[PDB]
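[1] begin with these chain(s), straight out of the complex:
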Amino acid sequence: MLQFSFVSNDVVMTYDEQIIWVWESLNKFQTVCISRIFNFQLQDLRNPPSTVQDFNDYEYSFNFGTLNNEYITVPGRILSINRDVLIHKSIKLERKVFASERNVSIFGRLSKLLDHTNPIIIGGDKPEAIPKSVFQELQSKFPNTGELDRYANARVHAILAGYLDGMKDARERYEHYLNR
């Protein structure tokens, strides 16, 4: 589970399976990927675990962004992009802000489409900011669980129907040469 909190001016993302793999990845490469979208460096772990820690009790608290003025500045490296990401405080920090269904990095996709090195700004009164209403509209258009469930079911139906329909057509052509 992902839980966002504000401690002072620091935005903290708490991560709650055997969670030892997070610490092992940080020991091996001094980086870790959480929820498939968040890339954290060892310097971002506020609570480095004990050598004898029981990880059942433990939760990982990571520095995710900085609260400056009314905007949460997420470093681009956290999202594997070059630009930084600014989310206004009026927008609730949750995973759906950054990820669509099937772990699609919203800002990872947007940054590749942008022709400017200027940072992504969502909400607030900054003039260059994607309006909160425009961002929320994109969120509602992004594929949800039901759309992916219908896509999978339709694909299975089309495949099974194509086998039955082709079987019937092949039988019909053979029976065109058959009295019975």
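    Now that the structure is in, tell me what you want to look at. Numbers count the residues shown, from 1 in each chain, chains lettered A, B, ... in the order given.

[2] so where do the strands sit in chain A?
    A:2-7, A:10-15, A:31-34, A:38-41, A:60-68, A:71-74, A:85-88, A:99-100, A:104-105, A:120-122 (DSSP state E).

[3] what helices or strands is the first one leaning on?
    What it means is strand A:2-7. Packing contacts for strand A:2-7, counted by 3 or more C-beta pairs under 8 Å, 6 or more residues apart in numbering; DSSP states H and E, involve strand A:10-15. For the C-beta atoms, the positions are set from N, CA and C on the backbone; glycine is no exception.

[4] just checking: what are the partner strands of the strand it packs on?
    strand A:2-7 (antiparallel), strand A:60-68 (antiparallel) (DSSP bridges).

[5] dump the last one to CSV, keeping only the CA atoms.
    In CSV, the C-alpha atoms belonging to strand A:60-68 read as follows (Å, rounded to 0.1, in the frame of the first residue of the first chain):
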residue,chain,number,x,y,z
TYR,A,60,9.5,2.1,4.4
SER,A,61,9.2,5.9,4.5
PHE,A,62,10.7,7.7,1.5
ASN,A,63,11.3,11.2,0.6
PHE,A,64,9.0,11.7,-2.4
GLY,A,65,8.8,15.5,-3.0
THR,A,66,9.3,19.0,-1.4
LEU,A,67,6.4,21.3,-0.3
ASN,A,68,7.4,24.8,-1.6
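
[6] hmm, back to that, closest to residue A:35 out of the strands paired with strand A:10-15?
    strand A:2-7 (5.9 Å; C-beta to C-beta).

[7] run the chain-centre distance for the closest one.
    Distance, stretch centre to chain centre, for strand A:2-7: 16 Å (C-alpha atoms, centre = their mean, to the nearest Å).

[8] and for it, what are the contacting residues?
    With C-beta atoms under 8 Å, 6 or more residues apart in numbering as the test, strand A:2-7 has contacts from A:11-16, A:34-35, A:64, A:67, A:93-95.

[9] chain B goes on too:
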Amino acid sequence: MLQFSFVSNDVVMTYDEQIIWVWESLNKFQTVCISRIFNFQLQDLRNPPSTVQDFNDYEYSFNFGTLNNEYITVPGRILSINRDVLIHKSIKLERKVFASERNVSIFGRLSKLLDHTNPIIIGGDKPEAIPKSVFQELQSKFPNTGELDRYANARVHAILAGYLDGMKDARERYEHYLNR
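    Chain B goes in next, on the same frame as the chains above:
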């Protein structure tokens, strides 16, 4: 996790989160849905749990089918269909035999498409049986994790591209009336 085993002539599906909800559903409605595709009645639970059971240690063992001749006969009620399902022993019992990605009931979809009350037979030497090669070909065509991941990513890309392209088009039309 789902694990299929043969005890005598009985096919057993073992189910391994707080697994108490399975027992609670069986107490409330004498039925339970496991992995979203398997419907088990209370009579199918081989190891009814103790009133004091620790469910961390416990695993649920359910009667899934009957081994007769060389075919595993799955009751239709296990799959929420009217026909029964016969899987030849040469086919390994696993979840992908019955479910496609996003919990799509393979035989739930097929049975609605069939115009006959005759049971679904997969593999073996029975004449009315879908050949093992035909069944395996359908399995490979069914959507996998990568196809659903690409679908979601493409949908997000098309939505973000449609916002940027429409923004550029609207700006261009306004600039057609602007000297600068």
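
[10] give me every residue in chain A lying close to chain B.
    When proximity is defined by C-beta under 8 Å from any C-beta of the partner chain, chain A lies next to chain B at A:100-104, A:106, A:109-110, A:113-114, A:134, A:138, A:141-143, A:147-149, A:151-153, A:155-157, A:159-161, A:163-164.

[11] switch to 6 Å and redo it
    A:100-102, A:104, A:109-110, A:113, A:138, A:141-143, A:148-149, A:152-153, A:155-157, A:159-160, A:164 (C-beta under 6 Å from any C-beta of the partner chain).

[12] just the buried residues of those residues.
    Neighbour-count burial (16 or more other C-beta atoms under 10 Å in any protein chain shown) applied to the residues of chain A next to chain B gives A:100-102, A:104, A:109-110, A:138, A:141-143, A:148-149, A:152-153, A:155-156, A:159-160.

[13] how about stretch A:83-92: buried residues?
    When burial is assessed from 16+ other C-beta under 10 Å, stretch A:83-92 yields the following buried residues: A:83-88, A:91.

[14] what about the longest helix in chain A?
    helix A:145-175 (DSSP state H).

[15] elements contacting it?
    On a contact count with 3 or more C-beta pairs under 6 Å, 6 or more residues apart in numbering or on different chains; DSSP states H and E, helix A:145-175 meets strand B:104-105, helix B:106-113.

[16] now do the contacts for the nearest residue to residue A:142 once chain neighbours are set aside.
    Residue nearest to residue A:142 in three dimensions, not counting chain neighbours: residue A:100, with 4.2 Å by C-beta to C-beta, 6 or more residues apart in numbering or on different chains. The contact partners of residue A:100, by C-beta atoms under 6 Å, 6 or more residues apart in numbering or on different chains, come to A:106, A:142, B:156.

[17] give me phi/psi at the second one?
    The phi/psi pair for residue A:142 (degrees, to the nearest 10) reads phi -60, psi 150.
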